[PDB]
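Q: Before we start, here is the structure in question, set down as structure tokens.
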Amino acid sequence: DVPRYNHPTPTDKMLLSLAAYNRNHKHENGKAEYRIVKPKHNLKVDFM
RNA sequence: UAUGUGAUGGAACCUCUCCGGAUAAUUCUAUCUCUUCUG
């Protein structure tokens, strides 16, 4: 079967590289920014 | 805690009346699970 163009998209690459397994706090407000990878199109396409 | 020439209290059955009863086949097929990234 043919594998479609999936991984070289910048969003998938930055999501996979950004592990952030530790440094997670379950209390108080978080300090994160919408660091979209060179993409400003619409909402819901971002990350913390 | 008595008071004295006079105490059958051994002088009285907690007795009598009332179905632990009623209802129930030890039986058996449809999913489960939510975040995917422009496609």
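How things are named: the first chain in the structure tokens is A, the next is B, and so on; residues count from 1 in each chain; ligands count from 1 in the order shown.
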At a cut-off of 10 Å, list the chain A residues touching chain B, using only C-alpha atoms (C1' of nucleotides), as a list in words.

A: residues 4, 5, 6, 11, 12, 41, 44 and 45 of chain A

Q: Between CA of residue 10 (chain A) and CA of residue 38 (chain A), what distance in Å does the model show, to one decimal?

A: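 That distance, rounded to one decimal, is 8.8 Å.
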
Q: Interatomic distance between CA of residue 32 (chain A) and CA of residue 46 (chain A)?

A: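 Computed distance, CA of residue 32 (chain A) to CA of residue 46 (chain A), equals 11.0 Å.
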
Q: Just list the residues in region 1-45 of chain A DSSP gives helix (DSSP H, G or I) on the backbone, as a list in words.

A: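 Of region 1-45 of chain A, the ones in helix (DSSP H, G or I) are residues 10, 11, 12, 13, 14, 15, 16 and 17 of chain A.
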
Q: Can you work out which one of A:2, A:35, A:15, A:27 has the shortest atom-to-atom distance to residue 48 (chain A), counting only C-alpha atoms?

A: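 Looking at the shortest contact to residue 48 (chain A), the residue is A:35.
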
Q: So what do you get for CA of residue 17 (chain A) versus CA of residue 1 (chain A), distance-wise?

A: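 That distance, rounded to one decimal, is 27.5 Å.
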